[PDB]
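Student: Return atomic coordinates for the entry below.
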Amino acid sequence: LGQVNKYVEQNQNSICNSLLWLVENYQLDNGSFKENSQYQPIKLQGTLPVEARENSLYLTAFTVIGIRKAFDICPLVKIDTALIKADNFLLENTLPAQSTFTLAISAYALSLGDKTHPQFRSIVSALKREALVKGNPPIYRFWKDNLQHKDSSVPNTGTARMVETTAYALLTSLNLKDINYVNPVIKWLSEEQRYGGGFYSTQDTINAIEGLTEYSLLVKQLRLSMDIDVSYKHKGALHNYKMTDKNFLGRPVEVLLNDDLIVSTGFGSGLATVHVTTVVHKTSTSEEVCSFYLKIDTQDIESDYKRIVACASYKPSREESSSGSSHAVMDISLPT
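Tutor: Residues are numbered from 1 along each chain as shown. Find the structure here:
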């Protein structure tokens, strides 16, 4: 809402109320926030305690975010004071760096106001220390969930949580106006997103998009004169297009022929995205990275009726804990 406002004035009164409902009754004596419901959005690297200990950091920075977007609708001093009480929680506590997803979000959150706090600057140098890179000079730059070890890999994978972090970081740096430090990063985002949104989950998607955009208005927008061409590696050329500020957006083309792809472009200038999403059907999952003990099957009952029974349990990674999983989905394609 605090964002949608600048284009569609919102029920200020309600925004006020809601803001008041967060802060009035869900802020502890230390400033951190706390969840009412049972819903756990994320699951974080930690031991039975350290876990929650992180989680609290999470919720805190998170809400500091919503609140600090909305606030200009409702600068009630009651809530400005909340901001402070809880920003202080981020500062006094984030720094013994417990994990990069913590770090990054914390960072953005703080970065929404008073980019001058010494402690904040510390948590920022403390983020940059975790930057993973590639190619020298840096061409690709992004963050992972490294806490302690740091295998500076790049696995073609690309995790939601990954884009989420590298995005909270992209944002921290855009609110810092660090424009240079940032290209290696939007070149790693831009290239990640699938055509349409932002691929992995939801949370990353929106922080990404916010990044990419706020950026695309932040830099000095370039004029489009690209001579995009696309051709199969051996089999002939397929379509190709000039690219101007009346062209781009162009039709998504079907790759028909079983043969490699070759997108080159002429001299010209501007910026352009080529993603090529591809789809197929394996016969098997043997290969895949199972993260859930799964089992299922068909029975009977009393009278006579057939019944499915499907189950799960969570395969928790090294750092994870016995807590179980986060908000999750079970999808059960039914026999034709």
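Student: Could you give the number of residues near residue 128?
Tutor: Counted with other CB atoms under 10 Å, the neighbours of residue 128 add up to 14. C-betas here are computed from N, CA, C, even on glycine.
Student: ok, now which ones touch it?
Tutor: residue 181 (CB atoms under 8 Å, 6 or more residues apart in numbering).
Student: Could you pull out the strands in the protein for me?
Tutor: Secondary structure of the chain, counting by DSSP state E: strands at 132-134, 140-142, 226-232, 237-243, 261-265, 292-299, 307-314.
Student: Neighbouring strands - and their directions - for the third one?
Tutor: When pairing is defined by DSSP bridges, strand 226-232 lines up against strand 237-243 (antiparallel), strand 261-265 (antiparallel).
Student: if you compare these, which one is most tucked away?
Tutor: Across these, averaging neighbours per residue (mean count of other CB atoms under 10 Å) puts strand 237-243 on top, at a mean of 16.
Student: Residue 167: which of the strands paired with strand 226-232 is closest?
Tutor: Among the strands paired with strand 226-232, the nearest to residue 167 by CB to CB is strand 261-265 (25.8 Å).
Student: Contacts made by that closest one with the rest, please.
Tutor: Contacts of strand 261-265 (CB under 8 Å, 6+ apart): 226, 227, 228, 229, 230, 231, 232, 233, 255, 272, 274, 276.
Student: what's the lengthiest helix in the chain packed up against?
Tutor: In the chain, taking DSSP state H as the definition, the longest helix is helix 48-70. Packing partners of helix 48-70 (3 or more CB pairs under 8 Å, 6 or more residues apart in numbering; DSSP states H and E): helix 12-25, helix 77-94, helix 100-111.
Student: most tightly surrounded among those helices?
Tutor: Using mean count of other CB under 10 Å, helix 100-111 ranks as the most buried of the helices and strands packed on helix 48-70, with a mean of 27.
Student: pull the CA atoms of it into CSV?
Tutor: Taking C-alpha atoms only, helix 100-111 is exported to CSV below (Å, rounded to 0.1, in the frame of the first residue of the first chain):
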residue,chain,number,x,y,z
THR,A,100,23.3,-13.5,4.7
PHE,A,101,19.5,-13.5,4.4
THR,A,102,19.3,-11.9,7.7
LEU,A,103,22.1,-9.5,6.8
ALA,A,104,20.6,-8.4,3.5
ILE,A,105,17.0,-7.8,4.7
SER,A,106,18.2,-6.1,7.9
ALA,A,107,20.2,-3.9,5.6
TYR,A,108,17.4,-2.8,3.3
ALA,A,109,15.1,-2.2,6.2
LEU,A,110,17.6,0.1,8.0
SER,A,111,18.5,1.7,4.7
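Student: now the angle between helix 77-94 and it, please.
Tutor: 140 degrees (axes from the mean of the first three to the mean of the last three CA atoms, to 10 degrees).
Student: How far off centre is helix 100-111?
Tutor: Put simply, helix 100-111 sits 12 Å off its chain's centre (CA atoms, centre = their mean, to the nearest Å).
Student: Next one: the nearest residue to residue 46 once chain neighbours are set aside relative to residue 13, how far apart?
Tutor: Excluding its sequence neighbours, the residue lying closest to residue 46 (CB to CB, 6 or more residues apart in numbering) is residue 54, at 5.2 Å. Distance of residue 54 to residue 13, given as CB to CB, to the nearest Å: 35 Å.
Student: got it, and residue 45?
Tutor: 41 Å.
Student: Surely residue 222 is in contact with residue 272?
Tutor: No - counting by CB atoms under 8 Å, residue 222 stays clear of residue 272, with 10.5 Å between them.
Student: When those two are compared, which one has more neighbours?
Tutor: residue 272 (14 against 9).
Student: residues in contact with the more buried one?
Tutor: Counting by CB under 8 Å, 6+ apart, residue 272 makes contact with 224, 226, 228, 243, 248, 265.
Student: May I ask which two of those residues are separated the most?
Tutor: Going by CB to CB, the pair spanning the contacts of residue 272 furthest: 248 and 265, at 12.9 Å.
Student: who's in contact with residue 132?
Tutor: Residue 132 touches 141, 142, 143, 144, 146, 150, 152, 154, counting by CB under 8 Å, 6+ apart.
Student: who's in contact with the fourth one?
Tutor: Think residue 144. So residue 144 contacts 100, 132, 153, 159, 162, 165 (CB under 8 Å, 6+ apart).
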